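These notes concern the structure reproduced below.
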Amino acid sequence: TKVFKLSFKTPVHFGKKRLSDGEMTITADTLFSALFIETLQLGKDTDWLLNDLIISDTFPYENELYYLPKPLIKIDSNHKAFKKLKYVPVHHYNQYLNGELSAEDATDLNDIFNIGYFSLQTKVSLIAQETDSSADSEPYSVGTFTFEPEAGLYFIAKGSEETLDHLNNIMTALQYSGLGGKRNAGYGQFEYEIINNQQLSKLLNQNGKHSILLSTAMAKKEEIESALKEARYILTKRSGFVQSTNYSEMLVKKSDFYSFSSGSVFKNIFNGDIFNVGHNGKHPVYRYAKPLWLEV
RNA sequence: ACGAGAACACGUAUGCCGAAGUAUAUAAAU
């Protein structure tokens with residue numbers, strides 16, 4: 001159960017809906033997809049790395065601070081500053097759950113949150129009839145994000161030791177390919193470091209009555225009734241396309257799927273599952289929904 | 001099996017065009 005930390009040195013585009021849209025963090029779905037396809041490019045055995053690996057969503061970090069997303073618990077007071085905040089440092093993570101975080105404290109934390117910036121890159125396309133004959137060029141836009149020199153992303157993983165070694169190898173291999181969006185266009189390379197934060201390790205090693213879903217998950221058919229007993233949650237529509245499956249890419253697109261977001265609180269833990277979103281393809285296409293809980 | 005995948009912020013044009021380093025004033029009072 002080691003955690004990986006990522007550095008890019010070149011901006012990467014994530015994106016939610018349109019190429020000009022930009023993001024800082026990705027969900028476990030994309031990471032699982034990318035790691036899987038990288039395994040397939042290496043051509044190793046997927047079953048081991050199919051139903052044994054547990055991954056968190058990606059999370060931003062700064063020079064020396066690690067953060068987690070905001071738990072959607074019901075705090076009874078200001079209800080303005082707390083809305084604007086997304087991420088919490090580990091220093092006061094349990095303090096916020098208790099209620100020690102002050103409104104001015106939230107103000108301060110939010111102030112420190114400068115961990116990158118967003119930008120729009122313009123690109124022009126002359127593959128059209130602009131060069132061939134009488135026509136115009138095709139400008140379009142992309143959205144990219146530039147992390148600070150000591151800023152990047154990290155995930156929290158758990159599984160068997162053999163699973164961890166395989167993940168290590170695959171992560172190395174992927175290091176040089178991309179992630180995010182326009183990988184081949186010059187965005188999203190990375191060098192990674194495995195660091196063990198004692199405090200975060202403790203954070204994973206608590207025990208309590210609540211539990212914070214850190215990944216993008218959704219229980220099976222036969223667990224949902226008992227899972228949804230007392231929860232505070234957000235649904236997050238996940239859509240997207242697929243790579244080297246059927247003849248027409250524009251014809252291929254995994255069906256819109258829904259999962260809980262990454263700040264929900266649950267009473268009854270559920271194991272998740274890797275759901276097939278496949279239809280009319282030459283292979284099954286995997287979307288990831290399996291939780292990693294922080295039990296407090 | 002990464003809201004993906006393809007896509008040169010490209011192609012046209014330059015520092016021009018007119019202006020005088022000019023205007024008088026003894027190599028001089030023994």
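Residue numbering restarts at 1 for every chain of the structure tokens, chains are lettered A, B, ... in their displayed order, and ligands are numbered from 1 as they appear.
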Taking only C-alpha atoms (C1' of nucleotides) into account, which residues of chain B are within 8 Å of chain A, as JSON, numbers by chain?
{"B": [1, 2, 3, 4, 5, 7, 8, 9, 10]}
Excluding region 46-49 of chain A and any residue of its chain fewer than 4 positions from it, enumerate the residues within 8 Å of it, using only C-alpha atoms (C1' of nucleotides), and give them as number ranges by chain.
A: 36, 39-40, 53, 163, 166-167
Hey, what's within 10 Å of region 88-95 of chain A if we count only C-alpha atoms (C1' of nucleotides) and toss same-chain stuff fewer than 3 positions away? As number ranges by chain, please?
A: 61, 65-71, 85, 98-102, 105-106, 109-110, 113, 199-200, 203, 296
So which residues of region 102-277 of chain A fall under helix (DSSP H, G or I) by DSSP, listed as a ChimeraX atom specification?
/A:103-111,129-132,161-175,183-185,198-204,224-227
What are the DSSP strand (DSSP E or B) residues of region 28-238 of chain A, as a ChimeraX atom specification?
/A:54-55,59-61,66-69,87-89,117-123,140-146,152-158,191-194,211-213,231-232,235-238
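Note that the spacing between CA of residue 222 (chain A) and CA of residue 270 (chain A) amounts to 10.5 Å.
Atom pair CA of residue 262 (chain A) / CA of residue 184 (chain A): separated by 29.1 Å.
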